[PDB]
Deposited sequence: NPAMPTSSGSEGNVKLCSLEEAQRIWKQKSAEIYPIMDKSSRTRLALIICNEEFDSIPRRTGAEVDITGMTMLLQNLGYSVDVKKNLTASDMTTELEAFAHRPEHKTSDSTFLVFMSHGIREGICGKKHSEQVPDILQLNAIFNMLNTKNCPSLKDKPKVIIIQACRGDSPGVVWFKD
């Protein structure tokens, strides 16, 4: 049933879990404090409005909660604000009593990275994927040492259609 905390996520039965040395350890459900962060930019100064972004926010928020994560949702941030938010997320004490984390980024994007709210061609406002890794690594986030860190990014990575033609 979809009435439970896991919603529309298909459950893993006890028999299936026993069927599954090479797996990341899962902390006790009763005491663990899983955290997830969604950063979504919808309204921009110079780039068109990202219509439908709210559907993405709703969908990802509910899914991550279904999977057991407490979800923080931050909207319409500059690359500087995104950096500050990531730094704060890395400092959260809940990670110590967590076994994993999810980070979701949704915005306009270019080849170099993810667009902040103030982005324009004249004055770039970009957050690089490299910066995300650095802020969440063992040096800057020791609490997530040995724990899976999943980064999801919705954004263009350039202007090309990503296709080529071929004949049969």
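Extract from the deposited sequence all ranges with no corresponding C-alpha coordinates, numbering residues from 1.
Going by the record, the segments left unmodelled (no C-alpha atoms) fall at 1-5, 26-30.
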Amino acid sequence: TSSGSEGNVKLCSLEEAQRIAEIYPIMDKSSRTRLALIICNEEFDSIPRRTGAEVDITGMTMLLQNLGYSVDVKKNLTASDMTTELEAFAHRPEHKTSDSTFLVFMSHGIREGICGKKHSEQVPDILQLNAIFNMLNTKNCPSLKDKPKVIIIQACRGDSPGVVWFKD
From here on, numbers count along this sequence of modelled residues.
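- [ ] Would you tell me which stretch averages the higher CA B-factor in the PDB entry, 64-72 or 38-46?
- [x] The entry gives the higher C-alpha B-factor average to 38-46.
Check the entry's C-alpha temperature factors for 156-164 and 8-16, then say which stretch has the higher mean. The recorded data point to 8-16.
Item checked: Given 120, 100, 143, 137, the residue at which the Cα B factor reaches its maximum -> By C-alpha B-factor in the record, 120 ranks first.
Return the residue from 130, 58, 107, 30 that has the highest Cα B-factor in the entry. Among 130, 58, 107, 30, the PDB entry lists the largest C-alpha B-factor for 30.
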